[PDB]
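The next block holds one structure in the form of structure tokens; read it before the comments.
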Protein chains: 4
Amino acid sequence: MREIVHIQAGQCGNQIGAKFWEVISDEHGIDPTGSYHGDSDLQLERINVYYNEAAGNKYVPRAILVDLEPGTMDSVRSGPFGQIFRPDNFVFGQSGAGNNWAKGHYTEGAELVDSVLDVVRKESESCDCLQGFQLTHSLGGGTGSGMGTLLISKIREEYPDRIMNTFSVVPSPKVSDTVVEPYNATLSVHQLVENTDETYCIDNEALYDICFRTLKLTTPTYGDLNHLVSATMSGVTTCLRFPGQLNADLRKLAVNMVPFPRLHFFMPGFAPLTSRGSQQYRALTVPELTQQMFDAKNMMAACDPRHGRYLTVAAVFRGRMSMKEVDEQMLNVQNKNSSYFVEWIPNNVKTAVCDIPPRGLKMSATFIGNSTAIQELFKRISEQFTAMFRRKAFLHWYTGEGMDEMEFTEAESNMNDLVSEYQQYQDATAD
Amino acid sequence: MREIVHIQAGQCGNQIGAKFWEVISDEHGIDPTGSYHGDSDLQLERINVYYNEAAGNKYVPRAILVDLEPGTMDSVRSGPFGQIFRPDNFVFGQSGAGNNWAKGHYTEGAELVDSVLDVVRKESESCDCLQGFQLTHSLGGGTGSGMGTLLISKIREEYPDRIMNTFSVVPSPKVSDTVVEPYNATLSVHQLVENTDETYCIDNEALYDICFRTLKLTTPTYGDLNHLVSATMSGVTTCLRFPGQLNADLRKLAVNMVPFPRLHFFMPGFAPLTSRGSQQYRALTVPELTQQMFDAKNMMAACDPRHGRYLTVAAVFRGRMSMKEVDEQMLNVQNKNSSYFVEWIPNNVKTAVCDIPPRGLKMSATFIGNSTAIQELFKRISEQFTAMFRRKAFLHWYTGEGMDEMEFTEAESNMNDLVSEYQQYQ
Amino acid sequence: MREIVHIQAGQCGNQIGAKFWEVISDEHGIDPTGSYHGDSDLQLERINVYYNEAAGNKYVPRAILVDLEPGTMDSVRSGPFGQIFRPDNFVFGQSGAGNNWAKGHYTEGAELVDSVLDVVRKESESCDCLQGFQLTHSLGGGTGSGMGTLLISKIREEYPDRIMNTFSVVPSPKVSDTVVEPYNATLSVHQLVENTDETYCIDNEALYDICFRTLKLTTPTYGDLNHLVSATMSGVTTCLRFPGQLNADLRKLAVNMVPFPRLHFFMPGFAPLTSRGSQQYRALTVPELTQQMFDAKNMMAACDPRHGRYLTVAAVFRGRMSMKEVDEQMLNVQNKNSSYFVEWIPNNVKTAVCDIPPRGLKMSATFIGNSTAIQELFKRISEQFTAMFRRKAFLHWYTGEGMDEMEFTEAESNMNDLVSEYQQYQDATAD
Amino acid sequence: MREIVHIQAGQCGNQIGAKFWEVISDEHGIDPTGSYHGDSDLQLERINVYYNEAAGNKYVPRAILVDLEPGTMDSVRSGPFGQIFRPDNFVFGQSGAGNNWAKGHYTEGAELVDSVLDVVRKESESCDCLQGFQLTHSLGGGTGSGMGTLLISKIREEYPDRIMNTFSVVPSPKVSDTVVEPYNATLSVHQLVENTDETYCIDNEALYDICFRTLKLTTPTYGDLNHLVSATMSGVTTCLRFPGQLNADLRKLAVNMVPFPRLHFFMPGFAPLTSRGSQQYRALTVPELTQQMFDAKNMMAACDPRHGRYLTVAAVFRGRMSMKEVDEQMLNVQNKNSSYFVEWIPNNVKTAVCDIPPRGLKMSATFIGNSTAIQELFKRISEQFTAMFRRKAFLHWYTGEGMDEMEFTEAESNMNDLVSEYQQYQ
Ligand SMILES: Nc1nc2c(ncn2[C@@H]2O[C@H](COP(=O)(O)OP(=O)(O)O)[C@@H](O)[C@H]2O)c(=O)[nH]1
Ligand SMILES: Nc1nc2c(ncn2[C@@H]2O[C@H](COP(=O)(O)OP(=O)(O)O)[C@@H](O)[C@H]2O)c(=O)[nH]1
Ligand SMILES: Nc1nc2c(ncn2[C@@H]2O[C@H](COP(=O)(O)OP(=O)(O)O)[C@@H](O)[C@H]2O)c(=O)[nH]1
Ligand SMILES: Nc1nc2c(ncn2[C@@H]2O[C@H](COP(=O)(O)OP(=O)(O)O)[C@@H](O)[C@H]2O)c(=O)[nH]1
């Protein structure tokens, strides 16, 4: 019924989406060949949310892979679960963006966007009732940032009422993996704040902090980070696929989480997360899930939520639970820690409970927080962008692709307006 | 997907290119006869980046050999891996350069550049998507400097949007191997600063220092210096050939590394480098690679980076690693040694991680630093150029080949303007 | 219901706490793997006093281990019962205090106290009804003294009405194991007298005297001393865990034992204690327990109670007993030896009787005496501190950590005030 | 957790350090090749205190060798356990010290200290938590005295809060091995009393007395004196490596032992020491260890402690023991011999008990005494220094290297002030 078109863009985003499809196919009992070998009847009851049936009991993921270089495409094709994707959906150029937003947004992505949109339209025509779109990409890259923003603009133009969800990997506060990361991030945010319904802020540095501090991993690979991001992704759209005591689709989350049209950048989280050894010392109760969810050191975005206030909070639980216990924990958190929630919104937390827990767990819960502490991320990116743009650092690389400097000025102005709005709404007396 | 055309010009350029192709053929399992005898599918998955497939299960390096004298080409053709190149790509004249930039750029190189460009265009037509070119040459000689700068100008005119990379051997601060090195070096920089995308500064003085202090080599010949240079060359383009956790090809490296169009002169480095005796006493960890990379005594350019400040830094790692450990080491380096980085650029270091280590190593990492300390090289070259030009020393050898004093004055002015810019951003 | 948070600090204190948890797990039938393999139903009826259940019938001790050096932590992890502790509760630095109170209290312990308090808050949130806290440490050391006093101050600030009990190892009268023991002891007492509800004075020298004189041990190890201290610890909180004819929790003992807010330093004791051979010559009757309890040579604090008067006395018995016999013995002791009890307090002895004796015994009894003879300990420590401070002996080691000399003066003044108070209340005519 | 960097400077320092590393490698089961062949998990549980793990199941001692002459280093490298050190840590010059403090401190040591400090910082960066440094050197020579004092000053400036321990061989009261021992000794104490945390006074005279009277050795070479010194060195830091009933690391030892910042010169001792013949006639009990420890004829410093009074006393025991027996013996010693302890410090002796005895022994104990009787050493050194300086004997050899008479006067004044303090507290 309610179907989601997943779009992969860039190395940082498509590389996640591969792990995401691994996890999703594991949840629904679909082996790396597309054949169904599950046990529970509920696995195929809502299988069409992500999977088209391919006339012979093979299920094909409704996914579209976009990049400007075929290397990541070959890597995805050769790896595990690379044989379930439809070969027609691997749309890729030959040049590559080179971490240049202007390039990937105006020349190479502009040449490839027509084929990408043809594939998107073909996937949307095959649907029963299109719920929305799902994009995975990074903000500080090339293909990812520019190509994803271009695709979001195009699709928002074509489908104005569908849901546009993006899981964006944001720049890290300490270590940057791209020398021009501020420009790409600022331009990508300027494009995102105008077209997306909700966007999730994944920060790699926070993911390494979680892997070392909580999971006690000494050698964490990108498999683990992509697995955490994919667990978040699966927890988001769980209510669309399995029944539960309280259902909450993407639109319900968007309504309950976005108070004003521009404040839609969320801090995702996940629980439970334990090391391999500490499993035998932790009982799994709803209070434990609640304690780990509302934890600053558990956020996947490198922004301390204790430095701001929560506008809205989504808490999607999974597994057999008591509604009284979940409601009790939410209310106790709101009452005991009232100094961290926005005053002019009563009942800040949205609650959803599903019946089917993730693979191997008795129960879990996905945290989605809309906190004003994301102004830290935005202000840091704005200050770095100003420091680099004042000297025109590497500005010629973007002006040589036909991009205007006034466009950079407008993007900086929009970023600062978003920062000022986030600051305006926190610490605003409800009187 | 992406393909590279390699052009090697000069005696030094041909030697470094022969060693480079030996190393590259070893990485992809291509024996000296062109046959493939590897053991991993990744070796053939992206082999077309450097190799054209001549039907018959044989691969031919997409390399073009340029020289004004046939001796170096004969030595290259007769040696090991000399039978792997295409015989049509040995484009050489008969006159010789004579370590004269004027000669090699206006008379002999001008007579040979038409055939060289014919070969270049033929090689370019056989690609699916041309990524860019690489020029291996030295700035001290006649064929290298003049011929390579002429070829760079011609190709930049023909291909204005492709990546132009050059691996230039720069004059040494202690002992020159050519009496007229300042003239050739200045006249070559006058073209390189205008036509190239990124230039890697390699100095034989720093290579001898590495081979002696670090590798503990009693008798290092050029077979080892060229091997170090080839290790750098292979580490630069490892993201175009093998998969990894975080990719960064030539275009993205040039984007992250060059803040302003004229400041594109880099200091390459490599780690790990250990002697055979000290090999059993050193644990190979990512912090060790990070410590050896950002080391002044490990730079392949004879310029102390501690006398300047880093604009941008590239750190391409190879082998199974953790993203978190690499990022933590980069952040520790940026924080603890913040006084050597320009304050107007946050997060100077841009990293990349490949999943395939070099042959025989568990892991390694190539350092590419764009430091303002490179202004010392240009200041020394400009001082020597002025000292020689104020007395017209060896000047008739260049004015008798078609040049004039106005061109030398313009080259000196461009060199000094580059110096002034590098000092301005420090 | 009533739960206790045990906190281990320092080598001298954590080293006890290991033996304490061995004994407690033996009493409740919990093997070194956390599994329950007891016999009596009463062992699990009040198991939550010390143990959190870990979702699978494994019980985890509600203990927190604190030190400034990981050596003792590794020793505890590797030894027996080291696998029942939760790995998240091993909070340790890297430097070490070096028997410097100023260091461990102001720099290293100050750096570690935030993590320690986070663990403490997490343990307190999981409780049903927090009764109080329990600290085991030494006064003449580094991590022990300074770190424990800092933790006591922090927790007293956060939880002002909970019970703060500390089992402190005090300096010995003859042999000192630390050259700077007077300074650490004086500063630790200055901090303790202001925040703790009751503190027990364990002296090693008295423990060797008991081991040689009474137990007839020729080669007593710290296993035996820690075992005696742990037997005392278990006898203190027995009424909170097993039923009895007279129940007396920690708060009842604190009320009946501390007449004035500053006089809360107790002299613990234990009975019966016999050698291996003399067991066949001693009948175990309540009069025998009473005779051994009120014995100066049986005190675990190296202070002769015959040199002072008893303000209050606690006598917690264990095992099947006649109430008439216990009351008769208490009354006979008060009447025949009236010259050793404070005149202005009638009925100096508090009586508590539990039904379950310790492991292997038919019955026992724990002595807790609040005698004015502890002024001997305090006056000796004050005189040694004065003798060392007059010459500024090793004072630079503490002033180099940012500590003020006026703070030493204040600590000495408070110590002397405590001595003067103890002397004021004894030999004070009740007329 | 805690880690130590060992620095050995001079011929005497290098010999003692080689023997020390032999003993330490024997304790942790590390064979001369670096491979681990122990039989107890406790050997590897805290092996990182002295050993860096070079990946490959090999351990490398965290030791730095310093000398101004390559002969001693060649002898160390060629001998047994010479292959266990890292080859990069042999930092040596070519000139030689010549038993001249001025030379080794201002010219040759000054030329070498930059490389030595580079190695020191490299070793320090590889630790989790640096506990402190140990310097093994002699006060009579040129490399030892001058180079070690220079290194101590440099490191104290770089690391102001780490534990600086030195194991100094002091001049003998009967026969000097260098004609200018007073000058070097005074100029070295002038730095040691200012920059170190604790200094252990070892005298070869007392070591010969021990080897003859106690061990009944007819022909004791330095292979035995260095073994005694190494036994002391290993007993000092045994609480950092093996668990025990009562721990006391370097920081707590320095806290308990040094009452005033300048009185940090200790008299090390060791027990049990028995000949092979008398071994079958002596029962090994804790009272026997206590009796042999507090014995004037057992002190490794040639100063009779019965002529002074003890400020503080450290007694680190090793092996399975009873806390009560050790405490009773300490109390008996303090009570029966109360006239040798300062009355203004109660409970002078601070003890520590480790659960692992030395190799081959059931139990042992290391004595560390801070006695005011050490003023005899400084009085003798000051008398000899004054007698030589009043006539400018051998003075030109030090003034021709950059020193002046003002510096000698200041060193003499500092020595005499230390003497005056030690007498003041007696
Ligand atoms: N979490 C995660 N982040 C990644 C991964 N690969 C790359 N990144 C991040 O993405 C950024 C690089 O952008 P990238 O997407 O590779 O450039 P693009 O391909 O041109 O869009 C860096 O900051 C990396 O930290 C991955 O597999 N997982
Ligand atoms: N790294 C390296 N440098 C070389 C080699 N051969 C020559 N050079 C350097 O290049 C300079 C000589 O220029 P060269 O290229 O031989 O003159 P050309 O033939 O006219 O280009 C000298 O300064 C040499 O130090 C080589 O094989 N490797
Ligand atoms: N009863 C007992 N006392 C101990 C034990 N270990 C150390 N002590 C005493 O504690 C004092 C040393 O203080 P310590 O706690 O080790 O120093 P810290 O670790 O810095 O706090 C000495 O007086 C010892 O007698 C033990 O296991 N049992
Ligand atoms: N214990 C010990 N003392 C030594 C050894 N070698 C030399 N000494 C003493 O050290 C003094 C010589 O100083 P030395 O260190 O050799 O001079 P340096 O090389 O300039 O530091 C003499 O008084 C010797 O008695 C040794 O192996 N062990």
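The chains in the structure tokens are called A, B, ... from first to last as shown; in each chain the residues are counted from 1, and the ligands are counted from 1 in the order shown.
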
Name the residues in contact with region 270-280 of chain A at a cut-off of 10 Å, using only C-alpha atoms, excluding same-chain residues fewer than 4 positions from it; report them as a PDB file with N, CA and C atoms, in the first residue's frame.
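Contents of part-v3.pdb, freshly written:
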```pdb
ATOM      1  N   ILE A 210      30.185   6.641  19.708  1.00  0.00           N
ATOM      2  CA  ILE A 210      29.286   5.582  20.156  1.00  0.00           C
ATOM      3  C   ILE A 210      29.973   4.223  20.081  1.00  0.00           C
ATOM      4  N   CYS A 211      30.698   3.964  18.989  1.00  0.00           N
ATOM      5  CA  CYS A 211      31.330   2.660  18.805  1.00  0.00           C
ATOM      6  C   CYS A 211      32.383   2.391  19.873  1.00  0.00           C
ATOM      7  N   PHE A 212      33.168   3.407  20.234  1.00  0.00           N
ATOM      8  CA  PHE A 212      34.213   3.206  21.233  1.00  0.00           C
ATOM      9  C   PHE A 212      33.657   3.274  22.652  1.00  0.00           C
ATOM     10  N   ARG A 213      32.872   4.310  22.951  1.00  0.00           N
ATOM     11  CA  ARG A 213      32.398   4.527  24.314  1.00  0.00           C
ATOM     12  C   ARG A 213      31.392   3.462  24.731  1.00  0.00           C
ATOM     13  N   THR A 214      30.389   3.209  23.892  1.00  0.00           N
ATOM     14  CA  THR A 214      29.278   2.337  24.262  1.00  0.00           C
ATOM     15  C   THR A 214      29.503   0.897  23.808  1.00  0.00           C
ATOM     16  N   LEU A 215      29.696   0.690  22.503  1.00  0.00           N
ATOM     17  CA  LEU A 215      29.879  -0.657  21.976  1.00  0.00           C
ATOM     18  C   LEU A 215      31.236  -1.251  22.325  1.00  0.00           C
ATOM     19  N   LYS A 216      32.164  -0.445  22.848  1.00  0.00           N
ATOM     20  CA  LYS A 216      33.499  -0.907  23.234  1.00  0.00           C
ATOM     21  C   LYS A 216      34.225  -1.562  22.063  1.00  0.00           C
ATOM     22  N   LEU A 217      34.087  -0.971  20.880  1.00  0.00           N
ATOM     23  CA  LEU A 217      34.767  -1.452  19.686  1.00  0.00           C
ATOM     24  C   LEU A 217      36.114  -0.749  19.562  1.00  0.00           C
ATOM     25  N   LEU A 228      24.746   0.989  12.160  1.00  0.00           N
ATOM     26  CA  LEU A 228      24.002   1.838  13.089  1.00  0.00           C
ATOM     27  C   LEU A 228      23.036   2.750  12.337  1.00  0.00           C
ATOM     28  N   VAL A 229      23.519   3.384  11.265  1.00  0.00           N
ATOM     29  CA  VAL A 229      22.659   4.260  10.473  1.00  0.00           C
ATOM     30  C   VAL A 229      21.502   3.469   9.871  1.00  0.00           C
ATOM     31  N   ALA A 231      20.190   0.668  11.135  1.00  0.00           N
ATOM     32  CA  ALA A 231      19.269   0.357  12.221  1.00  0.00           C
ATOM     33  C   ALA A 231      18.336   1.528  12.483  1.00  0.00           C
ATOM     34  N   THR A 232      18.880   2.748  12.481  1.00  0.00           N
ATOM     35  CA  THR A 232      18.029   3.931  12.594  1.00  0.00           C
ATOM     36  C   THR A 232      17.019   3.992  11.451  1.00  0.00           C
ATOM     37  N   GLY A 235      14.316   1.482  11.937  1.00  0.00           N
ATOM     38  CA  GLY A 235      13.437   1.870  13.024  1.00  0.00           C
ATOM     39  C   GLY A 235      12.492   2.993  12.654  1.00  0.00           C
ATOM     40  N   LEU A 284      16.992  -5.796  30.119  1.00  0.00           N
ATOM     41  CA  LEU A 284      16.326  -5.018  29.077  1.00  0.00           C
ATOM     42  C   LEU A 284      14.902  -4.716  29.529  1.00  0.00           C
ATOM     43  N   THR A 285      14.701  -3.514  30.060  1.00  0.00           N
ATOM     44  CA  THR A 285      13.386  -3.015  30.424  1.00  0.00           C
ATOM     45  C   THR A 285      13.128  -1.705  29.691  1.00  0.00           C
ATOM     46  N   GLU A 288      15.110   1.113  30.847  1.00  0.00           N
ATOM     47  CA  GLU A 288      16.481   1.115  30.341  1.00  0.00           C
ATOM     48  C   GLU A 288      16.554   1.707  28.939  1.00  0.00           C
ATOM     49  N   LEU A 289      15.620   1.317  28.066  1.00  0.00           N
ATOM     50  CA  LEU A 289      15.556   1.914  26.738  1.00  0.00           C
ATOM     51  C   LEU A 289      15.359   3.420  26.827  1.00  0.00           C
ATOM     52  N   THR A 290      14.484   3.868  27.730  1.00  0.00           N
ATOM     53  CA  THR A 290      14.243   5.299  27.882  1.00  0.00           C
ATOM     54  C   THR A 290      15.483   6.022  28.397  1.00  0.00           C
ATOM     55  N   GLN A 291      16.197   5.414  29.347  1.00  0.00           N
ATOM     56  CA  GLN A 291      17.404   6.031  29.884  1.00  0.00           C
ATOM     57  C   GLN A 291      18.489   6.145  28.823  1.00  0.00           C
ATOM     58  N   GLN A 292      18.626   5.131  27.967  1.00  0.00           N
ATOM     59  CA  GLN A 292      19.655   5.206  26.935  1.00  0.00           C
ATOM     60  C   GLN A 292      19.249   6.119  25.783  1.00  0.00           C
ATOM     61  N   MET A 293      17.953   6.206  25.479  1.00  0.00           N
ATOM     62  CA  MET A 293      17.498   7.069  24.394  1.00  0.00           C
ATOM     63  C   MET A 293      17.796   8.532  24.697  1.00  0.00           C
ATOM     64  N   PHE A 294      17.272   9.041  25.811  1.00  0.00           N
ATOM     65  CA  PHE A 294      17.472  10.443  26.175  1.00  0.00           C
ATOM     66  C   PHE A 294      18.826  10.608  26.872  1.00  0.00           C
ATOM     67  N   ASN A 298      24.592   9.404  23.543  1.00  0.00           N
ATOM     68  CA  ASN A 298      24.055   8.388  22.651  1.00  0.00           C
ATOM     69  C   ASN A 298      23.576   8.957  21.322  1.00  0.00           C
ATOM     70  N   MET A 299      23.593  10.277  21.159  1.00  0.00           N
ATOM     71  CA  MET A 299      23.104  10.888  19.930  1.00  0.00           C
ATOM     72  C   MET A 299      24.049  10.596  18.771  1.00  0.00           C
ATOM     73  N   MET A 300      23.468  10.325  17.602  1.00  0.00           N
ATOM     74  CA  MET A 300      24.257  10.093  16.401  1.00  0.00           C
ATOM     75  C   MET A 300      24.672  11.384  15.708  1.00  0.00           C
ATOM     76  N   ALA A 315       9.624   8.897  19.685  1.00  0.00           N
ATOM     77  CA  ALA A 315      10.137   7.707  20.364  1.00  0.00           C
ATOM     78  C   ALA A 315       9.373   6.501  19.827  1.00  0.00           C
ATOM     79  N   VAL A 316       9.927   5.861  18.803  1.00  0.00           N
ATOM     80  CA  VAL A 316       9.301   4.721  18.146  1.00  0.00           C
ATOM     81  C   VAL A 316       9.888   3.455  18.754  1.00  0.00           C
ATOM     82  N   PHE A 317       9.080   2.732  19.522  1.00  0.00           N
ATOM     83  CA  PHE A 317       9.525   1.507  20.170  1.00  0.00           C
ATOM     84  C   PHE A 317       9.149   0.301  19.316  1.00  0.00           C
ATOM     85  N   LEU A 361      16.877  -9.182  18.840  1.00  0.00           N
ATOM     86  CA  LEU A 361      16.588  -8.439  20.056  1.00  0.00           C
ATOM     87  C   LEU A 361      15.195  -8.777  20.569  1.00  0.00           C
ATOM     88  N   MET A 363      13.513  -6.376  22.195  1.00  0.00           N
ATOM     89  CA  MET A 363      12.848  -5.105  21.945  1.00  0.00           C
ATOM     90  C   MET A 363      13.911  -4.030  21.779  1.00  0.00           C
ATOM     91  N   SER A 364      13.512  -2.925  21.157  1.00  0.00           N
ATOM     92  CA  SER A 364      14.397  -1.785  20.950  1.00  0.00           C
ATOM     93  C   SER A 364      13.532  -0.537  20.807  1.00  0.00           C
ATOM     94  N   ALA A 365      14.171   0.589  20.500  1.00  0.00           N
ATOM     95  CA  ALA A 365      13.458   1.845  20.320  1.00  0.00           C
ATOM     96  C   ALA A 365      14.362   2.830  19.594  1.00  0.00           C
ATOM     97  N   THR A 366      13.790   3.543  18.628  1.00  0.00           N
ATOM     98  CA  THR A 366      14.515   4.528  17.837  1.00  0.00           C
ATOM     99  C   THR A 366      14.165   5.929  18.320  1.00  0.00           C
ATOM    100  N   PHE A 367      15.189   6.729  18.598  1.00  0.00           N
ATOM    101  CA  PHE A 367      15.017   8.094  19.076  1.00  0.00           C
ATOM    102  C   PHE A 367      15.132   9.063  17.909  1.00  0.00           C
ATOM    103  N   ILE A 368      14.187   9.995  17.823  1.00  0.00           N
ATOM    104  CA  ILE A 368      14.194  11.055  16.818  1.00  0.00           C
ATOM    105  C   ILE A 368      13.892  12.349  17.563  1.00  0.00           C
TER     106      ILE A 368
ATOM    107  N   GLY C  34      27.392 -15.196  39.017  1.00  0.00           N
ATOM    108  CA  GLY C  34      26.167 -14.442  39.149  1.00  0.00           C
ATOM    109  C   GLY C  34      24.907 -15.278  39.208  1.00  0.00           C
ATOM    110  N   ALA C  54      19.742  -9.035  36.301  1.00  0.00           N
ATOM    111  CA  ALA C  54      20.281  -8.740  34.977  1.00  0.00           C
ATOM    112  C   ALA C  54      19.598  -9.538  33.868  1.00  0.00           C
ATOM    113  N   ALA C  55      18.278  -9.721  33.964  1.00  0.00           N
ATOM    114  CA  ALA C  55      17.459 -10.183  32.840  1.00  0.00           C
ATOM    115  C   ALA C  55      17.933 -11.545  32.321  1.00  0.00           C
ATOM    116  N   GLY C  56      17.674 -12.573  33.127  1.00  0.00           N
ATOM    117  CA  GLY C  56      18.207 -13.889  32.832  1.00  0.00           C
ATOM    118  C   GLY C  56      18.704 -14.642  34.049  1.00  0.00           C
ATOM    119  N   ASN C  57      18.317 -14.164  35.232  1.00  0.00           N
ATOM    120  CA  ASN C  57      18.560 -14.794  36.529  1.00  0.00           C
ATOM    121  C   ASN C  57      20.002 -14.645  36.990  1.00  0.00           C
ATOM    122  N   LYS C  58      20.778 -13.780  36.346  1.00  0.00           N
ATOM    123  CA  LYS C  58      22.094 -13.399  36.835  1.00  0.00           C
ATOM    124  C   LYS C  58      21.961 -12.126  37.657  1.00  0.00           C
ATOM    125  N   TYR C  59      22.561 -12.118  38.842  1.00  0.00           N
ATOM    126  CA  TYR C  59      22.454 -10.987  39.753  1.00  0.00           C
ATOM    127  C   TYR C  59      23.786 -10.252  39.788  1.00  0.00           C
ATOM    128  N   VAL C  60      23.732  -8.937  39.644  1.00  0.00           N
ATOM    129  CA  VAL C  60      24.917  -8.084  39.575  1.00  0.00           C
ATOM    130  C   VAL C  60      24.976  -7.250  40.846  1.00  0.00           C
ATOM    131  N   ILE C  84      31.382 -11.175  38.495  1.00  0.00           N
ATOM    132  CA  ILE C  84      30.018 -10.778  38.832  1.00  0.00           C
ATOM    133  C   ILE C  84      29.824  -9.268  38.774  1.00  0.00           C
ATOM    134  N   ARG C  86      29.681  -5.517  37.334  1.00  0.00           N
ATOM    135  CA  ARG C  86      29.375  -4.966  36.019  1.00  0.00           C
ATOM    136  C   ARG C  86      30.579  -4.188  35.499  1.00  0.00           C
ATOM    137  N   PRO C  87      31.036  -4.460  34.272  1.00  0.00           N
ATOM    138  CA  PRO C  87      32.243  -3.780  33.769  1.00  0.00           C
ATOM    139  C   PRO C  87      32.105  -2.271  33.680  1.00  0.00           C
ATOM    140  N   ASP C  88      30.884  -1.746  33.567  1.00  0.00           N
ATOM    141  CA  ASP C  88      30.698  -0.304  33.472  1.00  0.00           C
ATOM    142  C   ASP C  88      31.011   0.414  34.778  1.00  0.00           C
TER     143      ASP C  88
END
```

Where does chain B meet chain D within 8 Å, residue by residue, with the nearest atom pair and distance in Å to one decimal for each, counting only C-alpha atoms, listed by chain and rising number, as JSON lines?
```
{"residue": "B:277", "atom": "CA", "partner": "D:87", "partner_atom": "CA", "distance": 7.6}
{"residue": "B:278", "atom": "CA", "partner": "D:87", "partner_atom": "CA", "distance": 6.0}
{"residue": "B:280", "atom": "CA", "partner": "D:54", "partner_atom": "CA", "distance": 7.1}
{"residue": "B:281", "atom": "CA", "partner": "D:54", "partner_atom": "CA", "distance": 5.4}
{"residue": "B:282", "atom": "CA", "partner": "D:54", "partner_atom": "CA", "distance": 4.8}
{"residue": "B:283", "atom": "CA", "partner": "D:54", "partner_atom": "CA", "distance": 3.7}
{"residue": "B:284", "atom": "CA", "partner": "D:55", "partner_atom": "CA", "distance": 6.4}
```

Pick out the residues no farther than 6 Å from ligand 1, counting only C-alpha atoms and all ligand atoms, and list them as a ChimeraX atom specification. /A:10-12,15-16,97-99,138,140-145,177,204,222,225-226 /B:245-246

At a cut-off of 7 Å, using only C-alpha atoms, what residues contact region 139-146 of chain D? Leave out same-chain residues fewer than 4 positions from it and give the result as a PyMOL selection string. chain D and resi 9-10+13+67-68+97-101+104-105+150+168-171+178+181+184-185+188

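Among D:347, D:426, D:413, D:399, the residue with the shortest atom-to-atom distance to chain C, counting only C-alpha atoms, is D:347.
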
Residues of chain B within 8 Å of chain A, counting only C-alpha atoms, as JSON, numbers by chain: {"B": [1, 2, 129, 131, 240, 243, 245, 246, 247, 248, 249, 250, 251, 252, 253, 255, 256, 257, 258, 259, 260, 261, 312, 321, 322, 323, 324, 327, 328, 330, 331, 344, 345, 346, 347, 348, 349, 350, 351, 352]}

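What separates atom 23 (O, counted along the ligand's line) of ligand 2 from CA of residue 154 (chain B) is a distance of 25.1 Å.
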